[PDB]
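This document starts with one chain, in the form deposited in one PDB entry, laid out as structure tokens.
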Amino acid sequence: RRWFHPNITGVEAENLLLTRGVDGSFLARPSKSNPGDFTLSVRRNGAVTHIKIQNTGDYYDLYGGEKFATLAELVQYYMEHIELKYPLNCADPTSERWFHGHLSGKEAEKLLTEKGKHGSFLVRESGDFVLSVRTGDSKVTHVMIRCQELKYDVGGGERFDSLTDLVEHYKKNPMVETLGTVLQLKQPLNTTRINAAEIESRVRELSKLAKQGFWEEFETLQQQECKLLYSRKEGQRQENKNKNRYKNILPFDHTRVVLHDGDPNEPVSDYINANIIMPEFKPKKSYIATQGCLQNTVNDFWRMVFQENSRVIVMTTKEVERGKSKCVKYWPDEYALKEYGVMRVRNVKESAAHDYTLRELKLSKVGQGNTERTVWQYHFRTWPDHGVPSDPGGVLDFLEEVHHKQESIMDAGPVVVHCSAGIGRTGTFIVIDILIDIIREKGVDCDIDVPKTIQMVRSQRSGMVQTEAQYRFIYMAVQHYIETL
């Protein structure tokens, strides 16, 4: 993911492509003219083209292109399909997990001693740098990194174009001390795990200017999304193409929900754009993250709910937003009964609350009375069209009610969560739910690691949690939950 430059202007991007690139060279960067937006800068016929990528929270929407779950998925699509031929690699180490810019040696030794383990390492500024590694069961070793005539070295041997190239080389070819100690660079020092009780302190520190600390942390998490390019073959099958709301936003094959007992006369009846999400990766405290139904996928949706024994559905979109259909109406009007293929649904009662509507549904298979179960649909109706709510209170009160409903039901299957694409708002609600559940069981004195949790959810469905605004909202929601305990 070296084609992503987090700190360059459009002029710097043009100058980089015109002087260090060739026709077909490209890079992506965050927008400066509209923070929250991105730009794909591409060299074609000796000139540079700047293409806008927008993300208001649901997907990356490339101008003159398609809608994607991650920037890595976007780039992989066009590199395997204006030509994107040559990534122009970024030498900036700001978004590396192990880079701690202006941090002192005293503080760095305190962090490796209190939070490190064998092979924990960090790189900090001295124009020179220091590589600090903990080894043992123990001790801290400091390796001086010289910057001489724009290249990096540890005092001998090879000279690197970037700290990234230097760190990767010494991860592959470890330094050995003359008495035998292997300076193993096993893992970056963990600085994001916090005690839940100290959430306020961390939010305060992250709200300070780095763009704030939140931006730096979120972009270091995005840098790791190239580790998550898992296969999505099933969603690409001709037979499944029109079952996807967005052509290129697909479920990973390894976690997709497989639909069994399909119409024997239907060649492909096992697909739905949905993934099982398991915390720390029981059916009960698991989730199904899915897209908003299409008219042709309503029956598949109900086959999924029935098969998985799901008793709670969380809908985080209106049916229509900004004049566009985000989810078809897959449930009957209040008091009505409808058949969706082999599935029969009665809408028993609707209850309106400030931020949401609850629909008590009875789902059963046609011809089998004894299969009836109640499915509780919580429909969050006040999420803004773009961005996130200004206050997490409403979302928390809603999740608290959803949690208690699910907890009250013996052997309930995973909670189904959906929005439009099923990755932005969906991923945001699931992550908040996972984090608050840890504070429920383990109490205020528990460890929480927001980016670790999100990377874990993102390994089960593409792009869960889309934006820096949602990333900050997750911290704000955890903070508010702890503050009202």
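So that there is no doubt, residue numbering starts at 1 and follows the sequence shown.
Absent from the display: the form solved in complex with a small molecule. The rest refers to it.
Checking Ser138, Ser351, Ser126, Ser231 against the small molecule in the bound PDB entry, a heavy atom within 4.5 Å turns up for just one residue: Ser231.
Of the listed positions (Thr164, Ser132, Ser310, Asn248), a single one reaches within 4.5 angstroms of the small molecule by any non-hydrogen atom in the bound PDB entry, namely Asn248. Residues with any non-hydrogen atom within 4.5 angstroms of the small molecule in the bound PDB entry fall in just one of 289-297, 332-340, 71-79, 360-368: 71-79.
At least one heavy atom of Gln236 is located within 4.5 Å of the small molecule in the bound PDB entry.
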